[PDB]
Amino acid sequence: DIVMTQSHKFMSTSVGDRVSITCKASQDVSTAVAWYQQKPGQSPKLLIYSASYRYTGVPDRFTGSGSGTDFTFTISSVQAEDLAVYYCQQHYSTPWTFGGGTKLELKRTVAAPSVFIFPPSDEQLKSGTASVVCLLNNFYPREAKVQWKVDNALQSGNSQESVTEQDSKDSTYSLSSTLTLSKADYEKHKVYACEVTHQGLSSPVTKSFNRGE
């Protein structure tokens, strides 16, 4: 089998920049190399086939070159919506094999998060469990610290968080953190606070609610 190697799993760039992604085959594959773009939540989309041909409807900013073992995919002016994982693939001989992908990530100016806190619903409280959720909306860069406090005491070990991929229009991330307590613990405390530290905030921002108020 033929191995296709992309040298980087990640490539940092900025909108309007030219970026090139390399893919090297372990055997001479002539010009039989395709390039796909896989945006978050979607299947791969074919951009280039036979090393340098654009597929129907593919924008002119995408090109490919190479022949033999060394192939390059280039975006001549990166657009915000070009955030994706790019894969090369050889279509030279079976089994068809893919490179391991290179995720483009876009540098942009600092944006502070807009922070929101949500109490558990009374519906859920019937169930015996309380989930409190904190949303950090549309910030950059990725690095952010969310600290939960319940009656002013720092929590640890009872939250999980997740973060979206860079947005296709504004290049920001958003983050959800969920603090999980039993219903009896939630009912016994009064003040629930999400404290957010981010490069865009001159000091940490706290959003909070009082149970029952």
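Residue positions are given as counts along the sequence shown, with the first one as 1.
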| If you average the CA temperature factors over each stretch, which comes out higher, 122-130 or 72-80? | 122-130
| query | What stretch has the higher average Cα B-factor here, 33-41 or 184-192? | reply | 184-192
| request: Could you say whether, by C-alpha temperature factor, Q147 belongs to the lowest, middle or highest third of its chain? | output: highest
| field | Position of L106 among the chain's modelled residues by C-alpha B-factor, lowest, middle or highest third | value | middle
| What third of its chain's C-alpha B-factors does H198 belong to: lowest, middle or highest? | highest
| note | Among the modelled residues of its chain, the C-alpha B-factor of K207 falls in the third labelled middle
| field | Within-chain third of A112 by Cα B-factor, per the entry | value | highest
